[PDB]
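Asker: This is the structure, below, for whatever I ask next.
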Amino acid sequence: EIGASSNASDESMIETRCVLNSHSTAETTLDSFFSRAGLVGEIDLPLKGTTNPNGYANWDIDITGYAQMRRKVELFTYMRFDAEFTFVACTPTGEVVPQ
Amino acid sequence: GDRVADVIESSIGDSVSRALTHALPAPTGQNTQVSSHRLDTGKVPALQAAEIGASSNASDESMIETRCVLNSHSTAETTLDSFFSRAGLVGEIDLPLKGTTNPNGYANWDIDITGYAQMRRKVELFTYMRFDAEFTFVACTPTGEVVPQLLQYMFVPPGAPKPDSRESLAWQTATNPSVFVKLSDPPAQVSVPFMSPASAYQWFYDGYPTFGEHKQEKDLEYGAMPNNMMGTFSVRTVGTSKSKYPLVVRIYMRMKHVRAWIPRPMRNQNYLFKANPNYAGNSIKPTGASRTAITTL
Amino acid sequence: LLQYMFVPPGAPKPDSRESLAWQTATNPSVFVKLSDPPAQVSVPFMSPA
Amino acid sequence: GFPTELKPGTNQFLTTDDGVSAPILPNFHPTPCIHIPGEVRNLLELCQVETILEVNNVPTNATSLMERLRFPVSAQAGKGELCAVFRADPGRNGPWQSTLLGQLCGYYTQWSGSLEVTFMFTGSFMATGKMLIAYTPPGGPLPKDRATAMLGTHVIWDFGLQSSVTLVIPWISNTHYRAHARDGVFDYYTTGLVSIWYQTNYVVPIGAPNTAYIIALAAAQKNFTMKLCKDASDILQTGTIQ
Amino acid sequence: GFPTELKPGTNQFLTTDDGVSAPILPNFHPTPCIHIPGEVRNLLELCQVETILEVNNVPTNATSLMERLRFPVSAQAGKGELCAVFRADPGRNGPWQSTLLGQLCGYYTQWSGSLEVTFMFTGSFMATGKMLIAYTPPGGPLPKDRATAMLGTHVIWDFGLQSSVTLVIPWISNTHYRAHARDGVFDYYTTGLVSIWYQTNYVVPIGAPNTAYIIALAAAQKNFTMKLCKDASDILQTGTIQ
Amino acid sequence: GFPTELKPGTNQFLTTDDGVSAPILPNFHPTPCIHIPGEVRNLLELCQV
Amino acid sequence: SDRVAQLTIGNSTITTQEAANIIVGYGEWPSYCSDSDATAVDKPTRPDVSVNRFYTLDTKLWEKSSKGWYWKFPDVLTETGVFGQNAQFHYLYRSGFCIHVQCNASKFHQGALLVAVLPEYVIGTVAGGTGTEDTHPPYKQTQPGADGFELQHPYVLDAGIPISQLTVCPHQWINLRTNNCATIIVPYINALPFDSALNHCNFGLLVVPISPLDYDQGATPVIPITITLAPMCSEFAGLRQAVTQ
Amino acid sequence: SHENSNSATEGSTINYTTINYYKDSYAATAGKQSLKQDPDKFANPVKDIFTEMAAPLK
Amino acid sequence: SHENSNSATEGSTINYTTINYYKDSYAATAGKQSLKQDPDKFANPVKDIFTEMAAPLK
Ligand SMILES: Cc1nc(-c2ccc(OCCCCCN3CCN(c4ccnc(N)c4)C3=O)cc2)no1
Ligand SMILES: Cc1nc(-c2ccc(OCCCCCN3CCN(c4ccnc(N)c4)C3=O)cc2)no1
């Protein structure tokens with residue numbers, strides 16, 4: 001009812017042995033949990049369509065459009081971070097063109 | 001209180017490995033020393049007893065007359081890094097235009113080195129192995145031609161969603177790693193740690209993974225330890241539409257920072273299956289060659 | 001794309017393009033393209049003598 | 001110039017490459033940082049926090065979803081009979097998906113350490129009873145009776161002022177680490193079973209209700225660890241978030 | 001930036017290039033290592049281990065393949081007659097392919113050092129005999145009689161309690177190293193011949209068998225070395241391992 | 001990464017370029033050298049003959 | 001001194017007159033697990049007498065047309081003694097073994113065996129003979145019991161590997177002119193400090209005659225082969241109900 | 001390095017080691033963090049703590 | 001180098017020399033191993049050793 005977690009341990013409930021644990025806790029940090037690139041946006045510049053046919057496009061900077069990366073950050077409320085964007089251009093077939 | 005005596009003198013609780021032997025250096029072969037003739041009784045190195053199961057100890061000095069020879073021949077190229085750290089083929093992934101294997105522009109490959117026997121027969125000399133690695137990817141059409149195409153790779157660990165299509169949501173790769181790369185670029189190449197829960201990759205597991213009444217319809221899980229299935233390797237042509245070009249992807253493994261255990265014999269019959277030491281029974285070829293007469297070459 | 005493979009003495013010479021001697025597990029090899037520069041490697045003194 | 005020689009692994013974008021990249025805004029000094037309460041430096045600070053466990057995950061309809069939170073205990077004859085069971089596998093589909101522990105083991109393959117499961121009794125003050133909680137390690141089948149689950153790790157709890165008890169699920173494994181489990185050959189990494197039983201009965205006087213409810217609370221201990229980060233199975237997106 | 005100048009040997013993948021490559025899993029600490037018995041740091045620890053030699057490699061059919069392991073010795077007149085022969089070439093096709101030495105010289109071209117061949121007698125305790133083992137170095141033809149093989153390195157052994165003897169094949173070569181041999185001009189690197197003979201006879205009393213069997217055991221000494229690693233001829237694969 | 005800037009004289013094979021090249025056989029120790037009579041270190045030893 | 005030997009562990013005892021020296025598999029002795037290597041927290045149990053003693057399995061026969069045998073350890077003892085009745089209760093297991101083999105004969109008989117210890121000796125079927133037909137070995141060939149199982153193709157040990165190279169393992173011979181027994185001691189060989197005793201089977205003993213038995217009429221034809229063995233440094237952990245398999 | 005303290009972590013009580021070439025420290029690497037914890041901020045934030053053995057309510 | 005001890009050989013009783021740039025030591029080079037042997041682990045593992053000259057069985 002107090003709203004605090006338990007404090008019982010293996011030693012005080014059963015009979016244990018000595019165990020010298022060397023298992024690191026370094027991969028549960030935030031840099032080692034967040035510093036992994038993911039998709040945040042897409043921008044189309046087609047020839048003839050309806051979205052952006054005139055060879056330009058404006059994208060409103062907003063990470064909240066793909067849920068693998070949104071659900072990681074929405075575990076927390078306030079975040080203070082630098083960043084490193086990366087841009088991958090390609091036709092729909094994956095082909096690479098001199099443009 | 002340990003007041004009895006059989007508890008004081010007890011050998012229980014011994015975390016020490018009594019080792020009879022102890023390693024020594026040997027950067028060069030042994031230098032043959034000088035000898036002369038001997039005509040004595042008792043002393044008799046030639047006569048051994050092999051029932052004990054130990055090798056001989058007779059040498060050139062104690063059987064014939066030798067000279068002094070200062071051997072400088074190194075033993076550095078017989079080590080394991082100098083024997084294993086040499087790349088070899090471990091896999092192939094096809095992404096053709098229209099076929100039956102993988103026509104929809106994606107492919108999943110189950111990470112398993114045991115599919116080509118030059119590299120399998122080197123590791124199957126040992127049983128337990130602990131090694132980092134260095135994969136390398138070579139992409140090409142069937143003609144060897146090089147084409148301007150973009151590609152994506154994604155390491156799918158265990159317990160993660162395997163992609164079922166080219167336009168799937170598993171390709172966002174927020175937490176999984178990935179490698180974008182083109183074919184006009186050189187080969188891709190990355191490093192790998194020791195990823196097992198255990199302390200070694202055992203190429204031979206004598207047992208079943210699960211408990212139960214082992215019926216005949218569940219004998220296909222003999223020789224399967226999940227502490228070696230290190231996951232899946234996915235690949236696709238980036239886009240929303242199909243590609244203009246067929247492709248083939250070849251995967252090379254290079255082992256480094258190696259440690260090995262348990263020498264054991266070497267395969268002499270052709271391999272047939274994976275995770276399975278089976279051999280053809282009606283076609284048991286000998287270990288080697290043959291001749292016509294023991295009294296003649 | 002091209003492949004090279006040093007075949008020392010006593011090793012299986014390949015007899016075809018789709019052969020198994022090209023896995024090059026223990027032999028060295030050099031993948032290289034023509035759009036790239038020349039390939040180039042170093043060699044020791046390899047004789048018994 | 002200085003001779004170079006481009007090796008493989010060239011003109012590649014590995015997402016997890018901790019390297020240097022160029023800036024866009026030079027001499028940019030950002031806003032200072034005030035003290036905000038609740039700074040968390042590592043995720044293990046959260047995996048050591050109790051969150052409700054859905055042992056009663058039978059219902060599906062949207063009106064009775066709150067019934068998942070608690071399971072009942074009523075009055076019985078006194079033969080030593082079964083009430084509930086569940087596995088000790090956090091990363092596996094089951095009760096453990098309601099937790100913040102079972103959702104942070106989706107972003108990590110392997111795990112270790114000891115676990116803890118705390119129960120709490122929302123019955124009346126004038127009620128009494130005793131229960132036999134057990135942990136049946138791997139290999140062994142599900143116990144059929146109360147005199148078989150007893151042979152494993154077990155705890156006995158009297159209803160009283162202290163309205164809770166802690167079962168502790170120690171680390172019993174051939175391996176140091178455990179990748180997650182499922183039906184197949186990956187049941188080599190199954191944790192076990194929990195199996196709750198009646199020791200005496202649920203006794204209550206005149207005037208009080210005949211049925212009560214128990215709430216559970218799953219968490220970890222201080223030797224829990226995780227590694228080999230990945231992406232989860234639950235991708236909460238159908239098409240385009242617009 | 002800093003001037004560079006790309007030399008040849010650029011954008012090439014040499015398999016045997018000990019260089020640096022990028023990782024995928026940062027801050028990944030693997031599982032610790034317990035003590036496992038049987039750590040082998042170098043292959044010469046194995047080449048110094050005796051393994052059975054197939055001198056009797058005449059049979060082919062799958063029922064009589066175990067007959068390769070041992071050759072007989074029976075009772076004869078006493079003229080000093082021939083029993084068996086074989087070469088001292090490990091890497092060459094022959095008896096030496098059964099060994100772990102002759103299979104580890106397939107992954108290495110050149111070799112050196114002295115060799116050792118141990119024999120063992122599986123006959124009856126009440127039997128007697130003597131034998132003349134010989135080593136005929138290169139150049140010389142196969143001996144026709146026992147009074148010609150004698151002129152080389154030879155050993156004489158009496159059957160008795162100690163049921164074994166060691167022949168030693170020393171290092172006699174113009175070269176420090178020897179690449180493997182075969183029919184052609186590469187018989188410049190032939191080792192020689194072994195040629196076993198009768199010195200007195202095979203004597204045995206009433207009641208015991210008239211024929212016995214000898215087992216052989218090939219290995220190396222401490223001055224063996226190998227270099228210039230390669231790939232073997234035996235590729236144990238027809239099509240696709242499925 | 002570290003900024004570079006490829007100057008001319010790039011992707012060229014000059015035959016007389018005393019530079020470094022990659023090896024194929026690591027930890028290869030060749031055969032030792034005995035004394036052979038007639039070692040000649042320079043050609044002027046011959047032009048004086 | 002090297003011929004006569006005695007082996008006293010537990011309530012039991014072994015003698016022998018025409019023997020050879022003792023072998024220690026892979027050059028070291030058994031041991032209990034360290035607090036650093038270990039991972040489980042529960043306190044084991046270590047009986048030290050009721051389990052660490054000589055058990056005798058079954059007595060085979062060696063004709064002239066015999067081919068070989070194998071036994072899987074520690075499967076042989078899962079229904080035998082306070083050892084087996086602990087290994088069913090618990091889930092985790094650790095042990096070593098001493099292994100003693102008997103075969104006697106007079107001074108007119110002749111033959112030779114090979115007594116080897118191979119870790120992780122997977123069994124492989126013949127693939128239907130043609131090679132294409134995928135099969136798998138049944139349960140009574142991978143855990144055959146204490147009654148052992150006989151080989152069909154001993155030149156390849158039923159796994160595509162020769163017997164010519166089995167001496168690189170801990171091996172001994174029984175040449176009936178010289179000796180009459182083989183004593184082998186083995187530590188715990190596995191990548192994991194503890195592992196089950198029912199599913200996993202850590203190594204397999206093999207007994208293959210190379211030179212065949214032979215004699216003359218009027219002599220005793222029955223030449224048995226008996227297998228004796230003893231656990232050592234046995235630990236157990238993870239208590240619960242008994243599991244046959 | 002004679003660079004600027006533009007990074008976001010300027011003001012934290014942990015130490016990093018990084019690799020950089022440009023003068024702006026938000027272009028540096030992530031690096032290694034200092035390994036610390038504080039579970040009593042989320043698990044036992046009570047005013048008057050209690051002992052493991054002795055029962056809380058008294 | 002202020003890197004991590006992530007390599008597989010962390011815990012071996014031999015010494016290496018390597019070349020690395022990334023913070024993760026499993027990306028380093030193979031390098032040179034320490035040259036050692038122990039053939040008596042596989043060739044003469046007996047309990048009571050014997051002398052070369054003197055015969056084993058006595
Ligand atoms: C040359 C050139 N420069 C660049 C270049 C382009 C863009 C840059 O800003 C990247 C800033 C990332 C902003 C990330 N956040 C913070 C909060 N937040 C949201 C969004 C929507 N809803 C909520 N509730 C929160 C969000 O999305 C920098 C550089 N590329 O080209
Ligand atoms: C970006 C990206 N990352 C990667 C990337 C891809 C894969 C990786 O894992 C490489 C691990 C190599 C595993 C090698 N073993 C060990 C045991 N074993 C088997 C197999 C079958 N049977 C048996 N009996 C044993 C086997 O095969 C790492 C990285 N590439 O793209």
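Naming scheme: A, B, ... for chains in displayed order of the structure tokens; residues 1 onward per chain; ligands 1 onward as shown.
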Residues near region 26-33 of chain F, anyone? I mean within 9 Å using only C-alpha atoms, not counting same-chain ones fewer than 2 positions away, as a list in words.
Answerer: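 Here the qualifying residues turn out to be residues 72, 73, 74, 76, 77 and 82 of chain B; 44, 45, 46, 47, 48 and 49 of chain C; 16, 17, 18, 176, 177, 227 and 228 of chain E; 23, 24, 35 and 36 of chain F; 32 of chain I.
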Asker: Return as a tab-separated table the residues of chain I lying at most 10 Å from chain H, together with the closest atom-to-atom pair for each and the distance in Å to one decimal, counting only C-alpha atoms, with rows in chain order and ascending residue number.
Answerer:
residue	atom	partner	partner_atom	distance
I:2	CA	H:17	CA	8.1
I:3	CA	H:32	CA	9.0
I:4	CA	H:32	CA	9.3
I:23	CA	H:31	CA	8.0
Asker: Please report as a PyMOL selection string which residues of chain I come no farther than 9 Å from chain G, using only C-alpha atoms.
Answerer: chain I and resi 40-49+56-58
Asker: Which residues, written as an mmCIF file with N, CA and C atoms, in the first residue's frame, have at least one atom at most 12 Å from region 60-63 of chain E, with only C-alpha atoms counted and residues fewer than 6 positions away on the same chain left out?
Answerer:
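Result saved to around.cif:
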data_model
loop_
_atom_site.group_PDB
_atom_site.id
_atom_site.type_symbol
_atom_site.label_atom_id
_atom_site.label_comp_id
_atom_site.auth_asym_id
_atom_site.auth_seq_id
_atom_site.Cartn_x
_atom_site.Cartn_y
_atom_site.Cartn_z
ATOM 1 N N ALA B 280 26.329 -41.730 -46.558
ATOM 2 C CA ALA B 280 25.762 -42.757 -47.411
ATOM 3 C C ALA B 280 26.353 -44.104 -47.029
ATOM 4 N N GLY B 281 25.491 -45.104 -46.894
ATOM 5 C CA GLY B 281 25.893 -46.395 -46.378
ATOM 6 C C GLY B 281 26.306 -47.384 -47.443
ATOM 7 N N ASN B 282 25.614 -47.363 -48.576
ATOM 8 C CA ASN B 282 25.956 -48.211 -49.707
ATOM 9 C C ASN B 282 27.149 -47.701 -50.502
ATOM 10 N N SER B 283 27.738 -46.578 -50.104
ATOM 11 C CA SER B 283 28.813 -45.933 -50.837
ATOM 12 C C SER B 283 29.889 -45.492 -49.859
ATOM 13 N N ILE B 284 30.281 -46.397 -48.968
ATOM 14 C CA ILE B 284 31.330 -46.104 -48.002
ATOM 15 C C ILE B 284 32.670 -46.240 -48.694
ATOM 16 N N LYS B 285 33.201 -45.131 -49.157
ATOM 17 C CA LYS B 285 34.525 -45.156 -49.727
ATOM 18 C C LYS B 285 35.558 -45.190 -48.601
ATOM 19 N N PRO B 286 36.721 -45.802 -48.824
ATOM 20 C CA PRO B 286 37.729 -45.840 -47.766
ATOM 21 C C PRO B 286 38.226 -44.457 -47.401
ATOM 22 N N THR B 287 39.032 -44.414 -46.342
ATOM 23 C CA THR B 287 39.605 -43.147 -45.914
ATOM 24 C C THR B 287 40.550 -42.587 -46.959
ATOM 25 N N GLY B 288 41.220 -43.453 -47.701
ATOM 26 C CA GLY B 288 42.164 -43.026 -48.725
ATOM 27 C C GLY B 288 42.245 -43.982 -49.873
ATOM 28 N N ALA B 289 43.464 -44.218 -50.343
ATOM 29 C CA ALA B 289 43.701 -44.914 -51.594
ATOM 30 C C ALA B 289 43.873 -46.407 -51.335
ATOM 31 N N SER B 290 44.337 -47.134 -52.346
ATOM 32 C CA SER B 290 44.425 -48.582 -52.263
ATOM 33 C C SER B 290 45.468 -49.071 -53.255
ATOM 34 N N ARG B 291 45.772 -50.360 -53.164
ATOM 35 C CA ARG B 291 46.750 -50.992 -54.031
ATOM 36 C C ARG B 291 46.439 -52.482 -54.108
ATOM 37 N N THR B 292 47.374 -53.249 -54.663
ATOM 38 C CA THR B 292 47.164 -54.653 -54.991
ATOM 39 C C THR B 292 47.860 -55.616 -54.046
ATOM 40 N N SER G 65 33.448 -62.873 -34.753
ATOM 41 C CA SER G 65 32.778 -62.002 -35.707
ATOM 42 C C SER G 65 32.156 -60.781 -35.044
ATOM 43 N N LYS G 67 32.031 -56.782 -33.804
ATOM 44 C CA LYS G 67 32.307 -55.524 -34.483
ATOM 45 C C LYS G 67 32.597 -54.376 -33.538
ATOM 46 N N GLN G 152 27.120 -51.042 -36.357
ATOM 47 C CA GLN G 152 26.938 -51.685 -37.650
ATOM 48 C C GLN G 152 28.068 -51.404 -38.625
ATOM 49 N N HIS G 153 28.585 -50.180 -38.634
ATOM 50 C CA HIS G 153 29.665 -49.758 -39.526
ATOM 51 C C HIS G 153 30.760 -49.151 -38.668
ATOM 52 N N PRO G 154 31.643 -49.972 -38.093
ATOM 53 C CA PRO G 154 32.628 -49.432 -37.157
ATOM 54 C C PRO G 154 33.802 -48.725 -37.796
ATOM 55 N N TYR G 155 34.056 -48.912 -39.089
ATOM 56 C CA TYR G 155 35.185 -48.235 -39.710
ATOM 57 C C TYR G 155 34.989 -46.732 -39.709
ATOM 58 N N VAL G 156 33.739 -46.278 -39.749
ATOM 59 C CA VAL G 156 33.395 -44.865 -39.682
ATOM 60 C C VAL G 156 32.733 -44.496 -38.360
#
Asker: Skipping near chain neighbours, those fewer than 2 positions away, what residues fall within 6 Å of residue 11 (chain C) using only C-alpha atoms, listed as number ranges by chain?
Answerer: C: 8-9; E: 232-233
Asker: I need the residues in region 53-168 of chain E that are alpha helix (DSSP H) according to DSSP; give them as a PyMOL selection string.
Answerer: chain E and resi 101-104+146-149
Asker: At a cut-off of 6 Å and counting only C-alpha atoms and all ligand atoms, what residues surround ligand 2? Please answer as a ChimeraX atom specification.
Answerer: /B:111-114,153-155,177-179,192,201,203-204,228,230,233,275
Asker: Could you save the residues just selected, with N, CA and C atoms, as a CSV table (one decimal), in the first residue's frame?
Answerer:
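This went into selection-v8.csv:
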chain,number,residue,atom,x,y,z
B,111,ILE,N,21.4,-18.1,-40.4
B,111,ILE,CA,22.8,-18.0,-40.2
B,111,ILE,C,23.4,-19.4,-39.8
B,112,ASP,N,24.1,-20.0,-40.6
B,112,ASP,CA,24.6,-21.4,-40.5
B,112,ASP,C,25.8,-21.5,-41.4
B,113,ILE,N,27.0,-21.7,-40.8
B,113,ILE,CA,28.2,-21.9,-41.6
B,113,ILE,C,28.3,-23.3,-42.2
B,114,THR,N,27.5,-24.2,-41.7
B,114,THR,CA,27.6,-25.6,-42.1
B,114,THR,C,26.9,-25.9,-43.4
B,153,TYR,N,20.5,-4.6,-46.0
B,153,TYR,CA,20.8,-5.8,-45.2
B,153,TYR,C,20.3,-5.5,-43.8
B,154,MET,N,19.9,-6.5,-43.0
B,154,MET,CA,19.4,-6.3,-41.7
B,154,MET,C,19.5,-7.6,-40.9
B,155,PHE,N,20.3,-7.5,-39.8
B,155,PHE,CA,20.5,-8.6,-38.9
B,155,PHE,C,19.3,-8.7,-38.0
B,177,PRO,N,20.5,-3.6,-36.2
B,177,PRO,CA,21.4,-3.0,-37.2
B,177,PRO,C,21.0,-3.2,-38.6
B,178,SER,N,21.7,-2.5,-39.5
B,178,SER,CA,21.5,-2.6,-41.0
B,178,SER,C,22.7,-2.1,-41.7
B,179,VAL,N,22.7,-2.4,-43.0
B,179,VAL,CA,23.8,-1.9,-43.9
B,179,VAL,C,23.1,-1.6,-45.2
B,192,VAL,N,31.9,-8.8,-35.9
B,192,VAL,CA,30.9,-9.6,-35.2
B,192,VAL,C,31.5,-10.0,-33.8
B,201,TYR,N,30.9,-22.1,-29.0
B,201,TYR,CA,30.1,-22.7,-30.0
B,201,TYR,C,30.5,-24.1,-30.2
B,203,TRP,N,30.0,-27.4,-32.2
B,203,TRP,CA,29.6,-27.9,-33.5
B,203,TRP,C,29.0,-29.3,-33.4
B,204,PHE,N,28.9,-29.9,-32.2
B,204,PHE,CA,28.4,-31.3,-32.0
B,204,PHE,C,27.7,-31.3,-30.6
B,228,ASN,N,23.4,-21.9,-30.5
B,228,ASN,CA,24.2,-21.6,-31.7
B,228,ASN,C,23.4,-20.9,-32.8
B,230,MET,N,22.2,-18.2,-34.0
B,230,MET,CA,22.4,-16.7,-33.7
B,230,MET,C,21.5,-15.8,-34.5
B,233,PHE,N,19.5,-13.3,-41.3
B,233,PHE,CA,20.1,-12.3,-42.1
B,233,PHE,C,19.2,-12.0,-43.3
B,275,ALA,N,23.4,-29.9,-39.8
B,275,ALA,CA,23.1,-30.2,-38.4
B,275,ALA,C,23.0,-31.7,-38.2
Asker: Give the superposed chain I as a compact mmCIF listing (two decimals) with C-alpha atoms, in the first residue's frame, the fit being least squares on chain H over all ordered C-alpha pairs.
Answerer:
# COMPACT_ATOMS: atom_id res chain seq x y z
CA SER I 1 41.20 19.90 -27.87
CA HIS I 2 40.62 23.67 -28.05
CA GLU I 3 36.95 23.29 -29.00
CA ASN I 4 33.66 24.68 -27.72
CA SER I 5 31.38 23.33 -24.99
CA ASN I 6 28.34 23.21 -27.25
CA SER I 7 27.31 19.65 -26.38
CA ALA I 8 24.06 18.83 -24.62
CA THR I 9 25.76 17.05 -21.71
CA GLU I 10 27.74 20.16 -20.72
CA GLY I 11 26.65 20.40 -17.10
CA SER I 12 26.28 16.70 -16.25
CA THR I 13 28.20 15.07 -13.40
CA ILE I 14 29.61 12.21 -15.52
CA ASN I 15 32.75 11.91 -17.63
CA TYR I 16 33.04 10.97 -21.31
CA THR I 17 35.86 10.24 -23.72
CA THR I 18 35.24 11.14 -27.35
CA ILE I 19 36.83 11.65 -30.76
CA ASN I 20 36.35 14.86 -32.74
CA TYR I 21 37.81 16.94 -35.57
CA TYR I 22 35.47 19.91 -35.98
CA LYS I 23 35.40 22.76 -33.47
CA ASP I 24 31.80 22.07 -32.42
CA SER I 25 31.41 19.42 -29.76
CA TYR I 26 27.91 18.35 -30.79
CA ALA I 27 29.66 16.73 -33.77
CA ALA I 28 31.63 14.41 -31.49
CA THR I 29 30.97 10.76 -30.86
CA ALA I 30 28.58 9.35 -28.30
CA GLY I 31 31.32 7.55 -26.40
CA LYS I 32 31.17 5.77 -23.07
CA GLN I 33 28.92 6.91 -20.25
CA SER I 34 29.56 6.57 -16.53
CA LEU I 35 27.85 3.49 -15.15
CA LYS I 36 25.56 4.46 -12.27
CA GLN I 37 22.09 3.78 -10.93
CA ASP I 38 19.53 5.01 -8.42
CA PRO I 39 16.61 2.57 -8.10
CA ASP I 40 15.55 4.03 -4.74
CA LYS I 41 14.29 7.05 -6.71
CA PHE I 42 11.54 4.88 -8.26
CA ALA I 43 11.26 1.81 -5.99
CA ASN I 44 11.74 3.09 -2.41
CA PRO I 45 11.16 6.87 -2.44
CA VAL I 46 9.56 6.85 1.00
CA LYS I 47 10.27 9.46 3.65
CA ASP I 48 10.95 7.13 6.60
CA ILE I 49 12.73 4.04 5.29
CA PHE I 50 12.25 0.65 6.93
CA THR I 51 14.41 -2.41 7.52
CA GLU I 52 14.32 -5.61 5.47
CA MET I 53 13.87 -7.95 8.43
CA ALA I 54 11.59 -5.83 10.62
CA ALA I 55 8.07 -5.51 9.29
CA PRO I 56 7.11 -2.06 7.89
CA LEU I 57 3.84 -1.45 9.71
CA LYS I 58 4.38 -1.11 13.46
Asker: Could you list, as JSON, numbers by chain, the residues of chain A having an atom within 7 Å of chain E when counting only C-alpha atoms?
Answerer: {"A": [24, 26, 27, 32]}
Asker: Could I get the residue neighbourhood of ligand 1 at 6 Å, counting only C-alpha atoms and all ligand atoms, as JSON, numbers by chain?
Answerer: {"A": [61, 62, 63, 64]}
Asker: Give me, as an MDAnalysis selection string, the contact residues of chain C against chain B at a cut-off of 10 Å, counting only C-alpha atoms.
Answerer: chainID C and resid 1:2 20:29 31:33 35:36
Asker: What are the DSSP strand (DSSP E) residues of region 31-175 of chain B, as a PyMOL selection string?
Answerer: chain B and resi 88-94+106-110+128-140+150-156
Asker: Give the answer as one residue: which of B:200, B:24, B:249, B:258 has the shortest atom-to-atom distance to residue 36 (chain E), using only C-alpha atoms?
Answerer: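 Of B:200, B:24, B:249, B:258, the one nearest residue 36 (chain E) is B:200, counting only C-alpha atoms.
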Asker: For region 113-118 of chain E, please output as a list in words all residues within 8 Å (counting only C-alpha atoms; exclusion window: fewer than 3 positions along the same chain).
Answerer: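 In the requested form, the answer reads residues 56 and 60 of chain B; 164, 165, 166, 167, 168, 169, 170, 171, 216, 217, 218, 219, 220, 221, 222, 223, 224 and 225 of chain E.
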Asker: Might you pull out every residue within 6 Å of residue 176 (chain B), with only C-alpha atoms counted and same-chain residues fewer than 3 positions away left off, and present them as a ChimeraX atom specification?
Answerer: /B:173 /D:230-231
